[PDB]
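Next up: the same protein chain in two forms, each one alone, written as structure tokens (structure 1, then structure 2).
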Structure 1
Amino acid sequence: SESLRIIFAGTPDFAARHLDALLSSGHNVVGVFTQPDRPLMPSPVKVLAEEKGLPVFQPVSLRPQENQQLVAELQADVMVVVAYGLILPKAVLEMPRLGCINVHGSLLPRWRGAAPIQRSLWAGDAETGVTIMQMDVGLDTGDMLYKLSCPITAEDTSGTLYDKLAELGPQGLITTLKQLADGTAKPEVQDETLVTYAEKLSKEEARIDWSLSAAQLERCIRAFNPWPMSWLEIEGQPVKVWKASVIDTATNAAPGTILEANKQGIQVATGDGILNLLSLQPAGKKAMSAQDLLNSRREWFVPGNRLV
């Protein structure tokens, strides 16, 4: 029942979904910190804070004591950090009364780090979720105050999981804020041994490696959607893969061998099983179905030929 003065720090839409939830549930958000304007585009959090008449602060860094003081001045009870791109110095961590609380996109201690959502999908996890944690100095080492899980379906991409977590996160956050205001929060220490780090995604890593199993390639295709998107090079042309299905049939064909190319898809042998490419997007072109591809890029997918 204690109305907490909250400083909200966040940047992307995922973060904006959480701010919107805090406001909508009558929370006392005293200030909003977002990353400085980007080439010059304002963040989804900045846009929403503004529309709501909230003071926005965009220090390029919290290292300067001048910037740290902006947090001090707001005399906050807790600082909620959701996808805010700046490192918080221990000094700032100690400033709000109840400290800083972070909404992390994984079921900690698994997937500490930068790309928890994409990595849980890529790794083949059966589920993800969000962990609301009491921020500490390391990279996502804080005690877990709350966790909500969400299963990862076979049709999920990092994009849909983001959607799912953007809906789960706010409720977990509001619940946790209630517990902190009530003194009923039950902090759980992270088991170091269960930790894994969700390293950033790169376009280099998204390039299709046919020697992998069709299952993992199919997972990469989903996990790397919307960014960086799995891709292969054909005639020095980067081609993004939007959809593929796995054909659980063993092949003696070398990885990369096109086994079939028709309306049903372009089947490619992998290191284990067959990957059926369904939607590909040649650079600077539209995302085309296998049939469209056979009409405009036939020579790229001749059965018997080997990709890559």
Structure 2
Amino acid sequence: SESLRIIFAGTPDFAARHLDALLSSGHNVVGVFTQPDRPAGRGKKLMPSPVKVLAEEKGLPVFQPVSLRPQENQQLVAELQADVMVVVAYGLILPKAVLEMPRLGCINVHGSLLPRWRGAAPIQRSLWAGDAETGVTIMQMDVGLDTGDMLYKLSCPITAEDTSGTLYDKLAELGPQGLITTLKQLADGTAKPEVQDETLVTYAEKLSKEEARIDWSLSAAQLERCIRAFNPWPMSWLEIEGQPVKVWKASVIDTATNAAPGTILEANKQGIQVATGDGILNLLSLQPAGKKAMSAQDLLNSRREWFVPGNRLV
């Protein structure tokens, strides 16, 4: 019985779950790697990171290499003589020298059912593209991008009310659980790797505010998904008087229209119906810059002029 010496590499809260998990699970995390502290969030104050914060607390060795391309840095890994490196939501890329350093190499917890949604935003993209389900996949990291053999998976269906925040939460339960279970297999040698079927390969491009800016050209349905896939970030928004209004909730009304997309059709307690490339999107919850999310009703009771029927939104 020797706990696998583990190097953990992660940044966001999603990683923190996995780390906190390994610890409470009784593993030996020799070192932790995150992104270097930076300005973040009104005031641009130097903020730690979700992962680091947890580490500091647990009194774990932190390593914040700006990159792992540099020899000096790649050494920080090998100097730890680890059995395996668990990677989860880590910005930095891992050079071949590093992937080979751990006795068992590096394994990554990917938020998608590979080979599908290889990339940076598999969670949001899955929900965005309409997928019926999603989940994690613990993989042996190879070279490139999420190309390594897959060891373990766990799936969960995507409801129709799930945002990306809720999907993250759901996978924050499966993830660790899958990670642990796989690490034991790795330790016992009972790991049974699979190879990726290149035909079923789709990539999950990162998110951006531009893509978030509501595009009425798109079907009401694609937007309905955006409005949920882009939550909590960046949040589907539309511009009103050179102002960003974030759209939190929007149902889809199924009754076609020939009006030019962006055209407001109705505006009542039931929501603000707007024409789209196909179908009519029905804004139910909007957030006026500097305010909170509110109901179409609450919003119309003071900005009725923002959504008058006949007018058009861009």
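Residue 1 is the first residue of structure 1, and the numbers go on in sequence order from there. Here, rigid core means the biggest group of C-alpha atoms that superpose within 1.5 Å across both forms.
Annotation: the position in 122, 146, 162, 210 displaced by at least 2 Å at CA between the two structures, with the core superposed, corresponds to 210. Once you line up the core between the two structures, the Cα of residue 234 ends up 2 Å or more from where it was. After superposing the rigid core, the C-alpha of residue 248 moves by 2 Å or more between the two structures. In a rigid-core overlay of the protein, residue 50 has its C-alpha displaced by under 2 Å between the two structures. In the rigid-core superposition between the two structures, residue position residue 269 carries a C-alpha shift of 3.0 Å. Fit the two forms on the rigid core and the C-alpha of residue 290 turns out 1.0 Å off between the two structures.
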